[PDB]
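Protein chains in written order, with full-length UniProt numbering: chain A, 7 to 166, 213 to 235, 242 to 613; chain B, 200 to 249; chain C, 15 to 938, 948 to 1126, 1132 to 1375.
Using N, Cα and C, we set each Cβ at its ideal position, and we do this for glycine too.
Remarks on the structure that follows.
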Amino acid sequence: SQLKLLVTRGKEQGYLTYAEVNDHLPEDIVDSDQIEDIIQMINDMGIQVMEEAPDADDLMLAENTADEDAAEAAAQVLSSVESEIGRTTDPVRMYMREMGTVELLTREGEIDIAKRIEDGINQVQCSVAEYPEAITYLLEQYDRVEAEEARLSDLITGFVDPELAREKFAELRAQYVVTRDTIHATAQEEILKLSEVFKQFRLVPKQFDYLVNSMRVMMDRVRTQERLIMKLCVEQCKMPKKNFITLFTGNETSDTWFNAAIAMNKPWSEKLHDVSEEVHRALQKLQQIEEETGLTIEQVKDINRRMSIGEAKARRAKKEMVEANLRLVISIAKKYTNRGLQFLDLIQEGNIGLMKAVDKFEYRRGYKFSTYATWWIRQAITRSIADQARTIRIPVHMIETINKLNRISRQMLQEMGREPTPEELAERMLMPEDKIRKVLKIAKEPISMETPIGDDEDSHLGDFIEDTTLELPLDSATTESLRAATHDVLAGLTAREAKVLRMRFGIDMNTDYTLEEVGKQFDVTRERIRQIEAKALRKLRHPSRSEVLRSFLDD
Amino acid sequence: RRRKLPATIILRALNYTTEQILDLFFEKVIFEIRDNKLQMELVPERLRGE
Amino acid sequence: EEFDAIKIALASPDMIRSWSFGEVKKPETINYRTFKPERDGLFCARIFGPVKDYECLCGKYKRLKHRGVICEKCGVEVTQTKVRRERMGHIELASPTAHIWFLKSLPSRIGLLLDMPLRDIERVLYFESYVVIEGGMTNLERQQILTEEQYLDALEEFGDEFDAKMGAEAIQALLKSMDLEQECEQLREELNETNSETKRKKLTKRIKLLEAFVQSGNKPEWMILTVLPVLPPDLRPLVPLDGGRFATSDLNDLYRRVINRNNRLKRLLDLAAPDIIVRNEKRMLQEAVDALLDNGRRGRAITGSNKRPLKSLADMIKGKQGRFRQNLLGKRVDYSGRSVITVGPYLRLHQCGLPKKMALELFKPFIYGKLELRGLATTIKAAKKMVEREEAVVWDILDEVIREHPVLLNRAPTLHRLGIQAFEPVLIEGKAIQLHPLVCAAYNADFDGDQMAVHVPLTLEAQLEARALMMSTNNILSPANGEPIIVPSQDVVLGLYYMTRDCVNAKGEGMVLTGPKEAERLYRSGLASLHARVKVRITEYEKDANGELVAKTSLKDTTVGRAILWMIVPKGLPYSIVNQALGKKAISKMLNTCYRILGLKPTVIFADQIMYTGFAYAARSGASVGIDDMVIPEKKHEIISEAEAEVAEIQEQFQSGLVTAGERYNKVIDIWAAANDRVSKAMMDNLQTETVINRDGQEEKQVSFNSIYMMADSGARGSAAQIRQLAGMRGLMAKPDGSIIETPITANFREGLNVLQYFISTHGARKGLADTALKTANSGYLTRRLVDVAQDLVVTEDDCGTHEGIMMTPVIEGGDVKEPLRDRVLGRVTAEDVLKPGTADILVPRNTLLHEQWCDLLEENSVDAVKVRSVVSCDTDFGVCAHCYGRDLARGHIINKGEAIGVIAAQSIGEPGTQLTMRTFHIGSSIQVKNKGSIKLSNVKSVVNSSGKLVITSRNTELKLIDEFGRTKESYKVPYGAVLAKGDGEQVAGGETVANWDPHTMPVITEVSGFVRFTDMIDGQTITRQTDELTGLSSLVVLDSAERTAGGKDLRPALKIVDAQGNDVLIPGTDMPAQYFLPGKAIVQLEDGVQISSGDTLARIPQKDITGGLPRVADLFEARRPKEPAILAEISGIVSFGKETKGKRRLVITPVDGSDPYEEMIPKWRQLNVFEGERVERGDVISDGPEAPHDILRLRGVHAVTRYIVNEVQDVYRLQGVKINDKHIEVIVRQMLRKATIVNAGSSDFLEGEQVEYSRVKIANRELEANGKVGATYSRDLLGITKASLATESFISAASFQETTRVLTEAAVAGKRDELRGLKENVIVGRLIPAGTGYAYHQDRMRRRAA
Ligand SMILES: [Mg+2]
Ligand SMILES: [Zn+2]
Ligand SMILES: [Zn+2]
């Protein structure tokens, strides 16, 4: 309320001061960012100071702006900011406070987190070995790759020589074909052999993404078909959840639990009659998916469910670890705070790097994950500070050369005493004595074109850079005069003369022609064109006919 | 330039209590009761123009 | 491209794609090796067009014929390179983002559009707190925000049928999901039911907002950007500076940041990082975009590699360097120049000198045209080489281009519209612009190195305007008053004042001359001095006949000097004008009479002849100054000894304890200033009549020819003050605190000044400097603020057709008439016809332009008031009719149609404002008639007492002074019940007292004469035991509230008047019986037991600074209510008291019968100057003090407040002695009181308590009541200029001088189709101004439109 008393005093007295506002303010905030916000609000309020000094005379005397409908909202913002709570300001501090709710240690709890990660990858790996189109995709890639339409080392990123991989491709080919060539006597044994021959291989992450995306599309197909079934039965016929799932569960393959269900003498059966064909199509795509794969749609669901749960566990372990290591990222990113980039940009590059570190960690070499990910963080932030810091972007090797020059410049600037010359840098460095000129030309920033060149009334460097490409009005007038002159000159010829001498040039037309088209016009792609052109050139060379033209000669 | 405060707060924080504060920032005028109704000490300079 | 009104509105996304030329995707700009632009970054080729005109990027297609074809290799549309300046590309912001203007504008656009406070919006945006977006109907309000844990639970609460987001996605969902017609219906509902004036006030306000936002073409979700356009490439260049160093603008930096963060957010989304990562990234992108737009309102700017905050798109429009104020009004100008001005007296006043070289550089195109015309160069290049050789013939051709071609000559600050005058040229050797001399007073330009600039008018309309409107000899009347501004200034007037004076015995004494001609033939040959008193035969031509000139020879008795001055005076003037001393005031009213009699041509040629002869005889005087010229008084040493002994007296008396230190200081300073005035008078009387010379006899004394005295008498320079400082002592230096030092300077400048005295002088000298340094740097603030409010005002009707003006009379402030009537009804046009005091007549028709002939008649018949038509009551819609503005102008005829009077009005009020002290500045009981003349009483309520004398029983009886003419010669304001002597409308004798009263104490004198008793006077309760107890005066005086009991506060202190028995006679006319009641401090003296006489002091009741600076004028036009507001009546009726002393006692006034109940709360710390038993007229002084102009406007009416403002600001000027005609202040007032308020809308469609401006509502009810329907009551407002300019039909105008951001955003949400037809508007958008010559053009477009 007292800050409202500051408001009324600012209304009456006609100003305030840093001491006045700092007196009335609500205690216990004092971040000096909330303060700057509230001072900007009081400025936006009726008060227009904010002061330091009380006055003020004839120099801009008796100033005021009503600014109605801003006072009622500004004073409202004040009374609300004081009464409720103190709001955070900026976003670096947002990030700090929001991550400070992270329990900031995993002293060998990293082992459990990596345990969960391995759980996810291994459940999805069982999904991999069990997904038929996975092995068919591998076999298809093998054939495409062998012919030479693709590489073996591009598809799979090593097991736990591409000929070893290829004989293994044939081994798994025989495994998968023997799995498929028993259509129900030994199918479980077959899948067992297939899984235990495929569960020590590996692929590119993008090949695995393609596998998972064909899998996700399979799921999307099955989900659209279950829509076609249930949203067309239940939500189209008053066939409720219980009376639909009584026949939708367990077998979930045959058309009977829909068609014969139509005949069970029920209201939903008396409403499904026109949706009969639509759900028939639904179960037909479902059994065609069956045709596709070989496993029931319920096995489809169970497999993708296990995959999804492993994926969720792995993502959650990733999240938990990254929340932990955000502190590490902040600590390591503090060390580049004026490279030409923001603190938050550095720490976001670090976030990306830490994510890659998580994705490429293993305890099977006994690492300590903190110092492991420190490298990835520093490398990603270095790559970023190189790539997207300079205004005009210079490449990575060029930035390495530039920092080499700076290191050697410092070393020489206290070895030689005064400073080094390019001729001396081209022998401490071993560059060609000209690349150093180009490097130390290039590696400097640009000047800010709103730089204050305060040597005037009030100016800017931008207001002094003239325009170079504009054509002088003298030039434009001369051009128009020359057009008129040469037009009258060319009128001072014959029709055939003027036509050929316009065409072989670009005068009063589009771009200028060739002797081929000159001949396609005047019937003679031959010396008639040359005759006319050169003879008219001679004719216009006549002084007393081209004297004005040669007066158009800027010599 | 932070908030204002009662200026005696710094003096109390300097290991001063109220008695020695008052006897730092004031002279003294005594009052007595010598057999009758609140006698007074009176230096000639004290009561100028009142 | 004569398009239309400009239009503004929200930036719909698909619109932002239609503006596009391909998405910017990458942060690169250029290629670090080849400085072509990388594709595609902030720059590009395929997006924003080709680099080189008609040339591809890779270079496949390089001919004009191939324009249009996009190269198959790098898709660059081969076209001009200025197409690089108009293409806008867009960005595809992955997550949405909130436009900072429609977030932090102040009143949040989203806040009062969603019905939601701002802090929750910042929560949902910066991810502080979740928020529902159509949470269905289970538990949660739509706007109901949440927090983390609450959303976590609620997902377990209602995991289904639930919808909660946070981020820009949330605000966009809310705005989109909103449906505005629903909220209009809901708000009209709660306007129906909820009958709470505050409540349904804000309810109907928000419904006003939503209906506005619906009736635009907008949609509520367009405030949240999905697609963000990049400025083109060439408005934020990356210029190659010399050395490889590039000097880029800052928007490249900001867009690089935003494109980085957008790409990084997309990259995060592909990985699906944990939510802390994506949240911090979206916040970073939000801050990046918010720094792109405004770089402020966000709390802390993001400064570039400097420490200087980098400018942004809301900052290239704003400020005194944004495009509005810095490149749409102040733009450099080809065909200009400048130089040092100089003197050049050999010129007629219509031709400025000018150098050959500035001429041959300004008029190169003209030269080139002429040289290809006369065949001196067949081609233009040859002509250039010629005129760059400075050959022989280009000077001849330049003299043929500079024959009639007026150059505009400007000085550095151009305050008033004479600041920019044109001239012809006259080619000159040298490089100084030899300006004329007379015009320097107009420019305000001495020749101490001041630099005037010459422009050139290119076209042919501009040449006719630089000849027929801006030529030098068409602006000699100052725009702010009719007096000529060609006053001869310093060497010219000294020349005349030396020429036309008379020494007593010069050669050629008394000899008669045959005319002026042989007066010159005598002087030049030397037979007689230039001045020695002499009979001549002048022949003056008076022109009393209708346009005739009747010659009349005579023998005036003159000098030779006056006669030789007479050969230059033109015909119509009479010889008594040049027979006097011809000082500066007289030599200027010479020109004034010339212009008032003979028109303009002879006044121009006569001002030139005056300057010529003035310079000539001023040089012939040899008027030099030498050190024997400053004569000290020989009675100075005595005066200084005498005062320095009086200080000895006060020193001795201070050290005897008799006077305080303040008193001795004041007395010392008093005796020194007295010695100062005595010494100055002694020198001035040793100086003026000092010369004593002798005609053929003993001796005789005359005004002197001490060179410094002529220089101080003519008006050339200086005055008696500077002559004081040169000869007498120089006063008391005032130290800059304001306190005057007490150690005077007993020395002067002819003597020395020892060290102390000079040093003490330094204080005041440097204060003068430190103020005229702040004045020259803040000189045009007042004109700026006035032309902001009074600009779009143009005299756009021939005759408004009304009969309602303001009544003019000569101001008289209790003494000699300050401002007569011929200075106020000089130009304005009458409102209702004027009748000679018998009515006798119809003296002047109502539409007669009162030029000086009609003022002649009015002053021949002694007319006292002339109800003259006035600008503030013109009945024109968006304009001011031709007549009612009157006539005043640089010309002397009626104001033309269109001539932009708002600007010249603001400048008439603002250019003398340079001539006023910038610091504010404070100057600080019987009536005595001056002379013969009858007495005149207005509002006089007198009683014929049994004593005989006269007493006024009306609060407001003005005591005037009328003669037998009938004129009002004097007026005085009698206090209440002053003892009056003479008759009411009768005759008195000159210089005789006629009214006396009580100085500090208020009589309560009775009404009629009847017996007396008391009522409710109990001591201790209502009265106190007062008495002049040495005399027996039993005074049981009324007790106040703090001494009357709490039932005593319920008591009524009273004075009953009994008749002869015990009853109470009716008050005569009314039926309130005979008695007077009284307030606290109604000090009673007598008691019950006497019959009263009319004029009985039944009680005794006890109880101006004029700021004169410029800031008094600034606050007058700001109309700020003063500190002590003059409490003023509210309803014309009887007075009474109210609820007694609830802190502020409550008055109560009552009419005869009507709406009586008005009671007013007053701080009872202040006197109430009203009786307890009277009938206070509406608009009557209940209290004293300055009365607020708003109260004038609301109680009395328009003409009252306008006469108030004009007389107040006229006081502020004619205090300082500055003339400014009242048309200008009246027009600035007509711009002040423009808005209006409503009482009962009725048969119109405006909200009742809404504020709307007068012109709109007046045309509305004028056309409605023109129908059979009924009007709409409106209560006029009155805004200060700084707020009355704050409302503008256009937004292009209000985007200049108001703060740009609020203007743009308010117009933007409102979708305000701003027309043109202002002056800021068209000067911005660069078509014809609709003020001057452009007015006929705009009438042309008005005809085009609407047909
Ligand atoms: Mg000067
Ligand atoms: Zn190309
Ligand atoms: Zn009018």
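The residues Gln283, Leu286 and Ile287, in chain order, have a CB closer than 6 Å to that of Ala340/A in the same chain once the five nearest residues on each side in sequence are set aside.
Look at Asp34/A: its C-beta is not under 8 Å from any C-beta on chain B. Residues of chain B with a Cβ closer than 9 Å to the Cβ of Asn28/A are, in chain order, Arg200, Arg201, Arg202 and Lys203.
8 Å or more divides the Cβ of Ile117/A from the Cβ of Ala375/A. Contact annotation for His80/C against chain A: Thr569 [CB-CB distance below 8 Å, chain order]. If you check the C-beta of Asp464/C against ligand 1, you find a heavy atom less than 7 Å away.
Contacts with chain C (Cβ-Cβ distance below 8 Å) from the region 494-505 of chain A involve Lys499, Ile500, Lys502, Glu503, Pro504 and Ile505, listed in chain order.
Counting of Cβ neighbours within 10 angstroms places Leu213/B among the exposed residues, the total staying below 16.
The beta carbons of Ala1018/C and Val997/C sit closer together than 8 Å. Judged by beta-carbon spacing, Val98/A lies beyond the 8 Å limit of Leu386/A, meaning their Cβ atoms are not closer than that value. In the three-state reduction of the DSSP assignment, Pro97/A falls in the coil class. Residue state for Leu412/A is assigned as helix, using DSSP reduced to three classes. Buried is the label assigned to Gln129/A, since at least 16 other Cβ atoms lie within 10 Å of its Cβ. Residue environment for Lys445/C: exposed (fewer than 16 other C-beta atoms within 10 angstroms of its C-beta). A residue is called buried when at least 16 other Cβ atoms come within 10 angstroms of its Cβ; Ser122/C meets this threshold and is buried. Within the region 65-150 of chain C, the alpha helix (DSSP H) runs of at least 4 residues that lie entirely inside it are, in chain order, 115-118, 125-128 and 132-140. A direct Cα-Cα distance of roughly 27 Å separates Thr351/A from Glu124/A. One thing to note: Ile320/A has its Cβ within 8 Å of the Cβ of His331/A.
At a C-beta separation below 7 Å, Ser1313/C has no neighbours in chain A, since its nearest C-beta there lies roughly 10 Å away. Here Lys96/C has no same chain residue with a Cβ atom under 6 Å from its own Cβ, once five neighbours each way along the sequence are excluded. Cβ atoms of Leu67/A and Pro1139/C come within 8 Å of each other, at about 5 Å. Under the DSSP assignment, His469/C falls in the beta strand (DSSP E) whose first and last residues are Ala467 to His469.
In this structure, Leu463/A lies near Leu483/A, with their beta-carbon atoms less than 8 Å apart. Taking 7 Å as the cut-off, the C-beta of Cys85/C counts as close to a heavy atom of ligand 2. Taking 7 Å as the cut-off, one finds at least one heavy atom of ligand 1 near enough to the beta carbon of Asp460/C. Judged by beta-carbon spacing, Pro64/C lies beyond the 8 Å limit of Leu56/C, meaning their Cβ atoms are not closer than that value. In the displayed model, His936/C falls within a strand according to three-state DSSP. Per DSSP, reduced to three states, the secondary structure at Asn70/A is coil, with no helix or strand assignment. In this structure, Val27/A lies away from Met51/A, with their beta-carbon atoms at least 8 Å apart. Counting only heavy atoms of ligand 3, the residues whose C-beta sits closer than 7 Å to one of them are, along the chain, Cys814/C, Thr816/C, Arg883/C, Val885/C, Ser887/C, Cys888/C, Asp889/C, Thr890/C, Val894/C, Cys895/C, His897/C and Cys898/C.
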